[PDB]
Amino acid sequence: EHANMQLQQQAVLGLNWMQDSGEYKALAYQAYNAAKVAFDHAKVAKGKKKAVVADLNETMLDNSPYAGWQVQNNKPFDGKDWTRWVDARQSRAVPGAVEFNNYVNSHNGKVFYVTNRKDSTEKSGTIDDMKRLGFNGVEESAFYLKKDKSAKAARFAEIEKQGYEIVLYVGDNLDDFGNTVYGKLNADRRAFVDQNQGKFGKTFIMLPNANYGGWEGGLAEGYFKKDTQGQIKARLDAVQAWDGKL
């Protein structure tokens, strides 16, 4: 129980930032302002329909109250708890997301939700929240929720097989742009970003998430297979510190 409190306390400052700061809101607006510009500029091959692919969690939907519950109950992430959160139907919208979504859908485009919320158990709550939140276009066929694989490239391909050309991707996780660094450590993930420097803010649109993600598992080999104590040490070992001298 000591390790659990320590692990979740380490998330507090970043959670305050995501939940309370105007700075976070500004970053969300910045991403979606850029996304609209990219969508408007996009041209697709003859015969293709324009598609935008968007992740949900921490991209279009704000699940910060779940993180707040982890902090307050010293609870590390558990898929069983997550499913209850989804069923709770208290998701909020990331600033600018609804407007951008609805703009795309009313301007000769279609947003597809490629998300790792679970198709079997988490679909009903997701669709309910998004309708309440004001998203247009949330019929079941717009959703590619998780079934067998967490990697998303196969779903992107399903979308292209339906006659769409994907003009841009929106996400908070690099794995939202393809599979090339799925399950990889942060060194490789940073290298992927470097190799794609010019796409960010154009065809790859980023939202900030300092609370969780592929970068967490990226902190150390077999991070998620570690116990709570091992994860704390992984985080602290990853820290780069000034030695305090000149």
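All residue numbers refer to positions in the sequence shown, first residue = 1.
- Remark: stretch with higher mean C-alpha B factor among 218-226 and 12-20 is 218-226.
- Taking only CA atoms, the mean B-factor in the PDB entry is higher for 69-77 than for the other of 69-77 and 161-169.
- The entry assigns its greatest Cα B factor, within the set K50, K36, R189, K46, to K46.
- When the modelled residues of the chain are ordered by their C-alpha B factor, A88 lands in the highest third.
- Residue-level temperature factors show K152 in the middle third of its chain, judged at the C-alpha atom.
- The PDB entry assigns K199 a C-alpha temperature factor belonging to the lowest third of its chain's modelled residues.
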